[PDB]
Amino acid sequence: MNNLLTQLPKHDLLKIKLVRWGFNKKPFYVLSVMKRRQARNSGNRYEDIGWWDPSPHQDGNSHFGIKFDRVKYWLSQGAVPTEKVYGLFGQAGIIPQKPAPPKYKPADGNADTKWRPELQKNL
Amino acid sequence: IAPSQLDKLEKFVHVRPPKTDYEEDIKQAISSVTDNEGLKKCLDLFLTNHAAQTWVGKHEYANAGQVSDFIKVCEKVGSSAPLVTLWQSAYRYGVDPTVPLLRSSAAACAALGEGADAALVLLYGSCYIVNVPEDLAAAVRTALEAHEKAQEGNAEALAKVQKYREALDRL
Amino acid sequence: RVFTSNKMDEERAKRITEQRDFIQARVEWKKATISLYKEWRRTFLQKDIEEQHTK
Amino acid sequence: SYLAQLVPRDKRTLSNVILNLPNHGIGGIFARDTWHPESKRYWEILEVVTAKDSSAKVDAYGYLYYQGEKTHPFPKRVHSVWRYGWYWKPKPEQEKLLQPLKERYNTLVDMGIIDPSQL
RNA sequence: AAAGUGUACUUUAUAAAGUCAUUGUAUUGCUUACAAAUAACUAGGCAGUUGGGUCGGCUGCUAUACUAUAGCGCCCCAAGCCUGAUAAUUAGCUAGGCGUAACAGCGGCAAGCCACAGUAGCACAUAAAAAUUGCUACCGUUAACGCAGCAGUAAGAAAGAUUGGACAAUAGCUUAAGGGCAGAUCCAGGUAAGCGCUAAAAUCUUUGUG
Ligand SMILES: [K+]
Ligand SMILES: [Mg+2]
Ligand SMILES: [Mg+2]
Ligand SMILES: [Mg+2]
Ligand SMILES: [Mg+2]
Ligand SMILES: [Mg+2]
Ligand SMILES: [Mg+2]
Ligand SMILES: [Mg+2]
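Protein chains in written order, with the entry's author numbering: chain Bp, 19 to 141; chain BE, 77 to 247; chain Bv, 65 to 119; chain Bz, 40 to 158.
Structure (structure tokens):
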């Protein structure tokens, strides 16, 4: 059914992206090679390369799996990771960490409650 | 749009050059002017002539011959403001500041009786000429005294005369 | 967009210094990653040549 | 007055500076207020041509110096004429000759006879 | 090409860089075969129709292949081509999915391809593109509009949810000064698929007191 694409894009870029595969307030992500301009969870892919569980477990760590050999293959071809994928590769030691620009904007004081009306009802 | 390189500027100039010769227009304008509005038009004509010469390539004082005629027309008309503006922006109008021109303007204003204007012209002239003649200063002082007597009834005129007298004494 | 100021104060100096460091860091990072990609690219090309000969 | 071009002013394009100077400021030194005074950044004017229609704007050509060295091989037009903050930088010989004149201009401005903002 | 080049643009007493313009060994591809519902109370169908020759089929700038999709179009020439053909009825297809020991049967969910945006003919738009681009005629309301974008209203029907919050996360657009935009998306409200738990107290749970 979900045959992987073989021909490379002619007018767009390839990227390594995170695909949301979680539940309500229980995120889970899968890493795949997809066209830059598509739907988030589109079925058009070249390959699935890993997974990530951002929440902590009883051991206090997050768990991340990746294909070491295929990550290098696609990075050589020209796939461009997103900002978050750069962080995962940097911490995992696949490639050097990417520096971030300086920040001046006053950070948000309501980041975990601004977008959740259920908490605001109690507040 | 003007060319980026200087080596291509000659071709740009030769194509559709603007009118540059305004000597005939200025000469006719000076004779025909009999009011302050005409004097303002002459000042604009001087500005256009000074700016237009750059297309031919000249960077000299184009309006160096008709300055005397303009002064005579202003004195006959009786308006000294055009001369005050000219000295304030002498370079912009292509007029080379010189002592004979300053003396002529001061005499014209003194004849009109506007001692305050005479002080202004002398003060503006002092910013172009390092040394101001002492005889010219005495003439302006006499003009201020005559102006004060003529318009002694106006307190504002008295204050202006006093302020200009202090400026002349300080400078 | 760029930052410019007529006042030669501490704020102007800080902005120039911070920008220089960020650009220098990013330039160095780019060179390292490209070299790794080039090295990996040669390795995979060699493998394909060997596989083609075997077939 | 041409002495008012020494101090940079808001909304004062280079065209106003060039026009209100003797000989159209050919061979003069000009720079913006945003450049550091000690950076040795300035323009040297070699040729000036007025606008065909407006006659109140000028296209200038010259050299650009950074740290007292040329940045380009051949003369080019100034692409930042329309910006603000330009001011006149007389050479040392001009500064010495204009010493008393600057004092006279400053005194007149202090006494309120001359308003630099209007000019 | 995650590249090179510039008499170009921007920032610098701190400078590395980016912006704009331009550049690829032939400079963005066509063709054929097989399978897929009823249907003879549809028996004849086709004349540019089947085949052959000259000419045309543009957007240049390696060399040959004797011109290297095509009745795709004009002119000329020879009579051939199809025959469960031609004409009708019904349906978006693949597939997940539901019943069944299987074979078979039927077509709510995630995703892929195709078609369409009140109806029809056209211009751009070739190569990845027309809901929110144009021209003309027509239909319905009132020179204008067409919600099969989100919420919402009226009628119809046995039966179709709030005129909600936020860009904090994921993906995307722009931007070297670290910002801006967003009814995709993430959260909340409403409706007895399903799954889990509560609706009674107990030495104030001996995982206690001290
Ligand atoms: K249609
Ligand atoms: Mg249908
Ligand atoms: Mg239509
Ligand atoms: Mg689209
Ligand atoms: Mg409708
Ligand atoms: Mg709707
Ligand atoms: Mg983002
Ligand atoms: Mg019931």
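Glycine residues also receive a C-beta, built at the ideal position from the N, C-alpha and C atoms.
Problem - Contact belief for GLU83 of chain Bz with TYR104 of chain Bz at Cβ below 8 Å, rounded distance in angstroms - result: Within the fourth sequence, numbered from 1, the residue matching residue 83 of chain Bz stands at position 44. Within the fourth sequence, numbered from 1, the residue matching residue 104 of chain Bz stands at position 65. That pair is a contact at about 7 Å.
Handout entry: Residue from BE:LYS84, BE:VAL153, BE:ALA166 whose Cα sits closest to the Cα of residue 4 of chain Bz
Key = Absent from the model: residue 4 of chain Bz. The displayed extent of chain Bz is 40 to 158, so no value can be given.
Problem - Outcome for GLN129 of chain BE when other beta-carbon atoms lying within 10 angstroms are tallied against a minimum of 16 - result: As a first step, residue 129 of chain BE must be located in the second sequence, where it is residue number 53. Buried, by the Cβ-count rule.
Practice task
Could you pull the start and end residues of the beta strand (DSSP E) that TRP70 of chain Bp belongs to?
Solution key: Locating residue 70 of chain Bp in the first sequence gives position 52, counting from the first residue. Here the beta strand (DSSP E) through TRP70 of chain Bp covers 65-71.
Exercise for the section: Spatial neighbours of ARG79 of chain Bv within its chain, please: CB distance less than 7 Å, with the 5 preceding and 5 following residues excluded, ordered by chain position. Expected result: Against the third sequence, residue 79 of chain Bv aligns to sequence position 15. Here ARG79 of chain Bv has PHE67 as same chain residues with Cβ atoms under 7 Å from its own Cβ, once five neighbours each way along the sequence are excluded.
Practice task
List the residues of chain Bp that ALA89 of chain Bv touches, going by C-beta distances under 7 Å, in chain order.
Solution key: To locate residue 89 of chain Bv, count along the third sequence from 1; it is residue 25. Chain Bp residues near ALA89 of chain Bv: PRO117.
Practice task
Using the Cα positions of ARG134 of chain Bp and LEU36 of chain Bp, report the straight-line distance between them to the nearest angstrom.
Solution key: Sequence index remark: in the first sequence, residue 134 of chain Bp carries index 116 (1-based). Sequence index remark: in the first sequence, residue 36 of chain Bp carries index 18 (1-based). Rounded to the nearest angstrom, the two C-alpha atoms are 23 Å apart.
Practice task
Return no unless some Cβ of chain Bz is closer than 9 Å to the Cβ of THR68 of chain Bv.
Solution key: Counting from one through the third sequence, the residue named residue 68 of chain Bv turns up at place 4. Judged by the 9 Å Cβ criterion, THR68 of chain Bv is in contact with chain Bz.
Handout entry: Contacts around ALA192 of chain BE, its chain only, beta-carbon distance under 8 Å, and the 5 residues preceding and following it disregarded
Key = Along the second sequence, one-based indexing puts residue 192 of chain BE at 116. Counting only residues of its own chain and dropping the five nearest sequence neighbours on each side, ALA192 of chain BE has a CB closer than 8 Å to the CB of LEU220, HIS223, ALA233, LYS236, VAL237, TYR240.
Handout entry: Contacts around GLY68 of chain Bp, its chain only, beta-carbon distance under 6 Å, and the 5 residues preceding and following it disregarded
Key = As a working mapping, residue 68 of chain Bp is identified with position 50 in the first sequence. Cβ neighbours of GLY68 of chain Bp beyond the five flanking positions: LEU49, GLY83, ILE84.
Problem - Chain-ordered residues of the region 109-133 of chain Bp with a beta carbon less than 9 Å from chain Bv - result: Listed by position, the residues of the region 109-133 of chain Bp near chain Bv (Cβ gap below 9 Å) are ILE113, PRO114, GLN115, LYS116, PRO117, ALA118, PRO119, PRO120.
Practice task
Mind listing, in chain order, the continuous alpha helix (DSSP H) runs of no fewer than 4 residues lying wholly within the region 73-125 of chain Bp?
Solution key: With a minimum length of 4 residues, the continuous alpha helix (DSSP H) runs that stay inside the region 73-125 of chain Bp are 86-95, 101-110.
Practice task
Could you tell me whether the Cβ of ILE152 of chain Bz comes closer than 9 Å to any Cβ of chain BE?
Solution key: As a first step, residue 152 of chain Bz must be located in the fourth sequence, where it is residue number 113. So yes, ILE152 of chain Bz belongs to the interface.
Handout entry: Start-to-end residues for the alpha helix (DSSP H) that takes in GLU228 of chain BE
Key = The residue labelled residue 228 of chain BE in the question sits at position 152 within the second sequence. First-last for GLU228 of chain BE: undefined, no H or E at that position.
Handout entry: Cutoff 6 Å; reference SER69 of chain Bv; Cβ partners in own chain excluding five residues on either side
Key = Translated into the one-based positions of the third sequence, residue 69 of chain Bv becomes position 5. Exclusion of the five residues before and after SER69 of chain Bv leaves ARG76 as the residues of its chain whose Cβ lies within less than 6 Å of its Cβ.
Handout entry: Within chain BE, partners of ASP49 of chain Bz - CB distance below 9 Å
Key = On the fourth sequence, position 10 is the one that residue 49 of chain Bz refers to. Neighbours of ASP49 of chain Bz on chain BE: none; closest Cβ ~20 Å, over 9 Å.
Exercise for the section: Go through the region 69-145 of chain Bz residue by residue and report every complete run of the alpha helix (DSSP H) that reaches 4 residues or more, in order. Expected result: Listed in chain order, the complete alpha helix (DSSP H) runs (minimum 4 residues) inside the region 69-145 of chain Bz are 131-136.
Practice task
Kindly indicate if chain Bp contains any beta-carbon less than 9 Å away from that of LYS102 of chain Bv.
Solution key: Position 38 of the third sequence holds residue 102 of chain Bv. Taking CB atoms only, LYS102 of chain Bv has a neighbour in chain Bp less than 9 Å away.
Practice task
Decide if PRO119 of chain Bp is buried, meaning its Cβ has at least 16 other Cβ atoms within 10 Å, or exposed.
Solution key: On the first sequence, residue 119 of chain Bp is found 101 positions in, with the first residue counted as 1. The residue is exposed, with fewer than 16 neighbouring Cβ atoms inside 10 Å.
Exercise for the section: Would you kindly check if the distance between the Cβ of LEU60 of chain Bz and the Cβ of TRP127 of chain Bz is under 9 Å? Expected result: Locating residue 127 of chain Bz in the fourth sequence gives position 88, where the first residue counts as 1. Locating residue 60 of chain Bz in the fourth sequence gives position 21, where the first residue counts as 1. Yes, the pair counts as a contact, with Cβ atoms nearer than the cut-off.
Handout entry: Stretch-stretch touch, CB-based, cutoff 8 Å, three pairs: the region 52-66 of chain Bz with the region 164-183 of chain BE
Key = Result yes; three or more Cβ-Cβ pairs closer than 8 Å.
Exercise for the section: Determine which residues of the region 68-86 of chain Bz have a Cβ less than 7 Å from any Cβ of chain Bv, and write them out in chain order. Expected result: Within the region 68-86 of chain Bz, the residues whose Cβ lies closer than 7 Å to some Cβ of chain Bv are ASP72, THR73, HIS75, listed in chain order.
Handout entry: Boundaries of the beta strand (DSSP E) in which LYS35 of chain Bp is found, first to last residue
Key = Within the first sequence, numbered from 1, the residue matching residue 35 of chain Bp stands at position 17. Its beta strand (DSSP E) spans residues 32-38.
Practice task
Under the assumption that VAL216 of chain BE contacts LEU198 of chain BE (Cβ atoms under 8 Å), give the Cβ distance between them as a whole number of angstroms.
Solution key: Indexing the second sequence from 1 puts residue 216 of chain BE at position 140. Indexing the second sequence from 1 puts residue 198 of chain BE at position 122. Yes, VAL216 of chain BE and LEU198 of chain BE are in contact; Cβ-Cβ is about 5 Å, under 8 Å.
Practice task
To the nearest angstrom, report how far apart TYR101 of chain Bv and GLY105 of chain Bp are at their CA atoms.
Solution key: As a working mapping, residue 101 of chain Bv is identified with position 37 in the third sequence. As a working mapping, residue 105 of chain Bp is identified with position 87 in the first sequence. For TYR101 of chain Bv and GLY105 of chain Bp, the gap between their C-alpha atoms comes out near 18 Å.
Practice task
Check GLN116 of chain Bv in the structure and name its three-state DSSP category.
Solution key: Stepping through the third sequence from its first residue, residue 116 of chain Bv is reached at position 52. Reduced to three states, the DSSP call for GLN116 of chain Bv is helix.
Practice task
Just the C-alpha distance for residue 59 of chain BE and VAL87 of chain Bz, rounded to the nearest angstrom, thanks.
Solution key: Residue 59 of chain BE is absent from the model: chain BE starts at 77 and stops at 247.
Problem - chain BE contacts from the region 131-152 of chain Bz (Cβ-Cβ distance under 7 Å) - result: Of all residues in the region 131-152 of chain Bz, those with a C-beta nearer than 7 Å to a C-beta of chain BE are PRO139, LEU140, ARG143, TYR144, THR146, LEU147, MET150, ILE152, reading in chain order.
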